[PDB]
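Contents: one structure, followed by commentary.
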Amino acid sequence: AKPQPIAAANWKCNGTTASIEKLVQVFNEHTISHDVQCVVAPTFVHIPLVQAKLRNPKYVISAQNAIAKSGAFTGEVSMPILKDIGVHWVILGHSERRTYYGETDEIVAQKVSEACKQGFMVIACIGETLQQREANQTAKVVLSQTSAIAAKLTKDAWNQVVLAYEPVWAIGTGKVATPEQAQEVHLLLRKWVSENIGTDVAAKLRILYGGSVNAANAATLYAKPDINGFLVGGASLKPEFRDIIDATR
């Protein structure tokens, strides 16, 4: 059978106090009856508000990024600071950070390793660009990104890792991957983990899909055997996130 699914909301750089209060109320009033881990990732400045208002017991709060250590890093937020305020999930290596903010495979792998050492659950993002897909490099790219992370982890650390496969061409564009496209990559990843890390790790690993997931396409993605849930951007700012959660039944 499949491991426990995850439905994760990446709000990105969005929100006002009023809109967040309304959306959290919607999430609180949605009764979830199956075993799923829901995750909401607000901007840093909204974490305290969401902590105060979110009561649905299926949810945890995640940060959208972090650095490993406190110190002289003006503008950044560290993992120890997040832990002290009660946040123990983080998204690392999102495409937007790899693209705009210079996060290379080695930077991502270092961050993931440090988060695991500090007791975080980590959603680590990987995925290929349109050019790489059309060059038939998808497998090489996603396995390179994954092996860079794996090189800095011990086997036990994998209990804290969730992989999110987000093809860059699907992020925010409306052009979701087909279920067959996503399943092909998820199966390739799970096999790599099984051979290189362990079959026990691979059977428990959650591999999420993201990139233009909405409430109408989520259930047909989740039907595939190696898809364990979703990392959702635009649709997670809307009430229809409730139906994305319920598509993981």
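Each residue's number is its place along the chain shown, starting with 1.
Keep in mind that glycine also has a Cβ here, set from the backbone N, Cα and C atoms.
So that you can see what the record holds, here are the features copied from Swiss-Prot:
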ACT_SITE  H94  active site, electrophile
ACT_SITE  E166  active site, proton acceptor
BINDING   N10, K12  substrate binding site
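Overlay of Swiss-Prot annotations on the structure.
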residue : record                       : contacts (Cβ under 8 Å, 6+ apart)
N10     : substrate binding site       : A41, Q64, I91, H94, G210, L231, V232, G233, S236
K12     : substrate binding site       : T43, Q64, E96, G233
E166    : active site, proton acceptor : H94, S95, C125, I126, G127, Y209, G210, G211, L231
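DSSP assigns the residue listed as 'active site, proton acceptor' to coil, not to a helix or a strand.
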